[PDB]
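Notes follow the structure.
Worth knowing before you read on, the calculation uses all heavy atoms, side chains too, and leaves out hydrogens, waters and symmetry mates. Naming: A, B, ... by sequence-line order, numbering from 1 per chain. Start at 1 and go down the list; that is how both ligands and their atoms are numbered.
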Amino acid sequence: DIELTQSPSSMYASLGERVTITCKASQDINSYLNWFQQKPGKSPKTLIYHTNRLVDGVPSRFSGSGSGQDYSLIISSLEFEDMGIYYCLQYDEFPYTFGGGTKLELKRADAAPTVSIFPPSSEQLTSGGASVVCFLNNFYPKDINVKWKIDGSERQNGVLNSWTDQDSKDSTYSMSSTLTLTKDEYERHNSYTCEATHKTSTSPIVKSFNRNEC
Amino acid sequence: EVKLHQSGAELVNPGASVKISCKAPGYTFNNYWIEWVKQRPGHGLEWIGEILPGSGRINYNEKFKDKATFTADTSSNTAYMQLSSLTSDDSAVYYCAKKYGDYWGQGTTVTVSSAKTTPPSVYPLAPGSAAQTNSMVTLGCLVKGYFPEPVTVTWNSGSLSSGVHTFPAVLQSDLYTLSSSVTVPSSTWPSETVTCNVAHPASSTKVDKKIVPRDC
Ligand SMILES: Oc1ccc2ccc3c4ccccc4cc4ccc1c2c43
């Protein structure tokens with residue numbers, strides 16, 4: 001198989017900057033190189049075939065270049081809708097092969113998360129479970145730490161986290177953290193806290209409730 | 001967006017087989033190669049093979065020679081890929097695409113597992129009585145304990161789409177848990193009601209949950 005190595009494997013750039021990503025083949029592929037764009041949870045889309053030909057409707061800011069083993073895809077002025085993962089593909093020899101992809105993420109202003117905590121619903125307690133939910137929404141950059149505290153003491157098992165990919169509207173990230181206990185455990189303590197620590201502050205944002213109210 | 005139409009999500013036991021369709025409408029089905037691609041989460045894309053409908057011509061990636069079988073039916077403009085003796089390395093999204101321009105299917109998710117189909121429990125997330133009166137309020141739905149993927153979550157049957165984050169499911173043991181949040185103006189809730197709708201086609205289940213402020 002022909003091996004394709006893409007570089008860099010991820011990138012950050014601002015609106016209006018030039019961007020260049022490269023695809024290196026393990027042997028000469030005689031210009032038979034396509035580029036695809038894939039957005040989060042969507043299908044891939046064909047941008048460029050045969051090194052440098054634009055598929056119809058692909059915006060003019062895209063171009064491609066290269067020969068032999070060394071190919072590039074260039075965006076002349078970055079737009080918000082260009083976020084996603086970029087894949088090269090060679091079709092010089094079977095089996096056709098893709099690079100590992102280059103993730104392109106858009107820069108924007110720093111933003112603290114909006115943090116909300118929710119006690120377990122009374123519905124869930126009737127089944128004997130108790131999940132406490134913490135939403136950390138619309139923050140930038142993506143790196144974040146969430147810590148759960150039961151009566152002032154850190155808790156780590158029963159915690160499940162899920163991150164969104166980069167928002168197509170405001171370029172922020174969001175996260176959901178669920179602490180699942182038994183009802184029995186839940187009823188024995190009073191104070192439940194999620195603490196988010198983000199680049200924007202050295203103080204964590206602290207949100208909590210006391211089981212003793214509704 | 002997407003120009004070809006694929007068959008829906010599939011849950012299939014280890015050792016068994018599935019057949020995914022790819023429908024390609026237009027008068028020239030026999031003029032275009034159809035490519036088949038595999039994507040496992042975290043991994044990238046991977047080429048399976050292609051077929052040229054109506055020609056007797058097919059090229060397989062060596063790696064999938066005994067795993068994929070391609071056919072096409074020209075009268076219905078439909079290409080098929082059967083996947084056989086499935087294992088969990090076969091759990092992935094599969095795409096079909098024309099070898100020309102930008103013509104890709106929406107994809108078909110395949111889950112290889114003998115775990116039991118399980119409907120979700122749908123729980124409201126309403127603000128605690130430690131009630132913070134900024135000018136926006138966030139609400140949520142927890143969708144817990146279901147299998148397989150997917151569920152689709154909406155708010156007020158689709159009418160509320162601004163302010164929504166639906167988070168990817170997480171798989172713990174053999175069950176998924178997912179949450180969705182929605183942020184709306186404070187003045188408008190609870191007077192203008194907010195309902196989460198969850199559909200789990202695999203269990204033929206649909207649940208609607210009004211998010212109600214907490215009582216005492
Ligand atoms: O010469 C070509 C012109 C357009 C193409 C569009 C899509 C694809 C393609 C899509 C998925 C998987 C493999 C693919 C291979 C080719 C190869 C050539 C080609 C195009 C391709």
Any chance you could measure [X], atom [atom1], to [Y], atom [atom2], to the nearest 0.5 Å?
| X | Y | atom1 | atom2 | answer |
| --- | --- | --- | --- | --- |
| B/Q6 | B/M81 | CD | CE | 8.0 Å |
| B/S7 | B/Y80 | OG | OH | 9.0 Å |
| B/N156 | B/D208 | CG | CG | 9.5 Å |
| B/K99 | B/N31 | NZ | CG | 14.0 Å |

Using a strict cut-off of 4.0 Å, indicate which atoms of ligand 1 neighbour a heavy atom of [X].
| X | result |
| --- | --- |
| A/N34 | 16 (C), 17 (C), 18 (C), 19 (C), 20 (C), 21 (C) |
| B/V37 | 12 (C) |
| B/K98 | 6 (C), 7 (C) |
| B/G101 | 4 (C), 6 (C) |
| A/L89 | 13 (C), 15 (C) |
| A/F36 | 9 (C), 10 (C) |

Cation-pi geometry met for [X] and [Y] (6.0 Å, 45°):
| X | Y | result |
| --- | --- | --- |
| B/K65 | B/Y60 | no |
| B/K38 | B/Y94 | no |
| B/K98 | B/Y32 | yes |

message = Ring centres under 6.0 Å, that's the criterion: do B/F167 and A/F135 meet it?
response =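 Under 6.0 Å, so yes.
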ask   = Does ligand 1 have a heavy atom under 4.0 Å from the side chain of A/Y32, from its backbone, from both, or from neither?
value = neither
inquiry  = Heavy-atom pairs closer than 4.0 Å: do any link ligand 1 to the side chain of B/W104, the backbone, both, or neither?
reply    =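 The answer is the side chain of B/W104.
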query = At the 4.0 Å heavy-atom cut-off, does B/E50 count as touching ligand 1?
reply =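 No, B/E50 has no heavy atoms under 4.0 Å from ligand 1.
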message = With a 4.0 Å cut-off on heavy atoms, is A/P44 in contact with ligand 1?
response =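 Per 4.0 Å heavy-atom rule, A/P44 does not contact ligand 1.
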request  = Considering only non-hydrogen protein atoms, determine which one is nearest to atom 1 (O) of ligand 1 and report residue, atom name and distance to 0.1 Å.
outcome  =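 Minimum-distance protein heavy atom for atom 1 (O) of ligand 1 reads A/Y91 OH, 3.6 Å.
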remark   = shortest atom 2 (C) of ligand 1-to-protein heavy-atom contact is with A/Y49 CB, 4.0 Å
ask   = So B/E50 and B/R57, salt bridge (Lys or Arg N to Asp or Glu O under 4.0 Å) or not? Walk me through it.
value = CA-CA 9 Å; B/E50 55 180 6; B/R57 294 168 74 183; over 6 Å; no
task = Could you name the option among A/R53, B/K99, A/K45, B/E35 that has the heavy atom nearest to atom 13 (C) of ligand 1?
result = B/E35
key: Selected option - heavy-atom contact closest to atom 5 (C) of ligand 1, from B/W36, A/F98, B/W47, B/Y100   =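 It is B/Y100 that holds the nearest heavy atom.
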